[PDB]
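*Asks:*
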Amino acid sequence: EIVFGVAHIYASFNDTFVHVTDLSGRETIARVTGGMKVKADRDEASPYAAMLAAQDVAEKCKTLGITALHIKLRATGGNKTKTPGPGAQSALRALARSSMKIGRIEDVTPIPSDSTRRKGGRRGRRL
RNA sequence: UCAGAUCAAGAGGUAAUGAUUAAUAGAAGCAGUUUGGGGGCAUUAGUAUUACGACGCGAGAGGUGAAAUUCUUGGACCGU
């Protein structure tokens with residue numbers, strides 16, 4: 025008895041996208057991100073928004089009944105931060121405590137063989 | 001003839017018969033073995049960032065000190 029989903033945690037800064045799909049990813053279930061729960065624009069980064077809006081997906085994957093699933097952490101690095109934010113794996117302790125069978129955890133942010141040009145301009149982010 | 005001098009000697013014979021070193025200077029070579037993101041021209045790969053095409057999804061998303069500008073004629077963001 026092993027049916028499998030893919031969690032696709034896009035653990036960005038100032039949001040968190042807990043968007044489980046089917047195994048091929050063409051078919052999405054329960055689009056719930058951390059933005060659709062609290063609306064104050066600056067606790068969307070918080071691990072508590074990734075706490076509740078991750079196991080919020082765990083009920084709606086039991087509407088179709090998928091016991092086991094896989095994880096895909098994303099950072100959101102392209103020419104950018106390349107490591108997951110604050111509410112990154114607080115959305116992983118949310119899932120495994122919510123009666124799930126989690127084996128696969130992978131960092132599927134991709135990294136370039138060199139970036140085009142990033143924002144900021146040679147002395148970037150003064151103040 | 002001596003010819004003050006001055007050109008060339010019967011040249012085949014008698015002279016140790018004549019070219020210093022090779023610079024922990026340089027240069028050039030090599031049956032030389034290589035070595036280096038050195039320069040040129042072709043060839044070719046890598047993910048990424050876009051922009052679009054399909055398809056699923058459903059109301060958010062960018063961003064920030066807090067914001068707003070901005071993106072959702074929902075089909076965006078996200079997943080592919």
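Residue numbers for the first sequence follow full-length UniProt numbering, beginning at 25 and rising by one. Cβ atoms here follow ideal geometry from the backbone N, Cα and C, with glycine treated the same way.
1. Please determine if the stretch 73 to 88 and the stretch 142 to 150 are in contact, where contact requires at least 3 C-beta pairs separated by less than 8 Å.
2. Distance check for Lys106 and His43, CA to CA, integer angstroms please.
3. Taking the straight line between their C-alpha atoms, what separation do you get for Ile53 and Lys125?
4. What number of angstroms, rounded off, separates the C-alpha of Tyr72 from the C-alpha of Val30?
5. Quick one, which of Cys85, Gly111, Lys61 has its alpha-carbon nearest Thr40's?
6. DSSP three-state call for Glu51: helix, strand or coil?
7. Using DSSP bridges, identify the partner residues of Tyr34.
8. Pick out whichever of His32, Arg128, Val56, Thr45 has its Cα sitting closest to the Cα of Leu97.
9. Taking buried to mean at least 16 other C-beta atoms within 10 Å of its own C-beta, is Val132 buried or exposed?
10. Residues in its own chain within less than 6 Å of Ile26 by CB, not counting five upstream and five downstream?
11. Do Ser122 and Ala69 have their C-beta atoms closer together than 7 Å?
12. Grab the span of the beta strand (DSSP E) containing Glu68 for me, first residue to last.
13. Apart from the five residues just before and just after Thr45, which ones in its own chain have a Cβ nearer than 7 Å to its Cβ?
*Replies:* So, from the listed chains and residues:
1. Touching, no.
2. Here residue 43 refers to the residue found at position 19 of the first sequence. Here residue 106 refers to the residue found at position 82 of the first sequence. So the alpha carbons of these two residues sit roughly 20 Å apart.
3. As a first step, residue 53 must be located in the first sequence, where it is residue number 29. As a first step, residue 125 must be located in the first sequence, where it is residue number 101. Rounded to whole angstroms, the separation of the alpha carbons of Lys125 and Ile53 is 17 Å.
4. Taking the first sequence and counting its residues from 1, one reaches residue 72 at position 48. Taking the first sequence and counting its residues from 1, one reaches residue 30 at position 6. Roughly 22 Å separates the two Cα atoms.
5. Taking the first sequence and counting its residues from 1, the one referred to as residue 40 is at position 16. For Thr40, the closest alpha carbon among the candidates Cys85, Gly111, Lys61 is that of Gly111.
6. Looking up residue 51 in the first sequence gives position 27. Coil.
7. Position 10 of the first sequence holds residue 34. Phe41, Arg98.
8. Within the first sequence, residue 97 is the residue found at index 73, counting from 1. The option with the nearest alpha carbon to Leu97 is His32.
9. For the purposes of this step, residue 132 is taken as residue 108 along the first sequence, with counting starting at 1. The residue in question, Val132, is exposed, as its Cβ has fewer than 16 Cβ neighbours within 10 Å.
10. Along the first sequence, one-based indexing puts residue 26 at 2. Result list for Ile26: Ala92, in chain order.
11. Working through the first sequence from its first residue, we reach residue 122 at position 98. Working through the first sequence from its first residue, we reach residue 69 at position 45. In this structure, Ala69 does not lie closer than 7 Å to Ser122 by Cβ.
12. Within the first sequence, numbered from 1, the residue matching residue 68 stands at position 44. From DSSP, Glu68 is part of no beta strand (DSSP E); its letter is neither H nor E.
13. Counting from 1 along the first sequence, the entry for residue 45 is found at position 21. Excluding residues within five positions, the ones whose Cβ falls inside 7 Å are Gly29, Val30, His32, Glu51, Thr52, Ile53.
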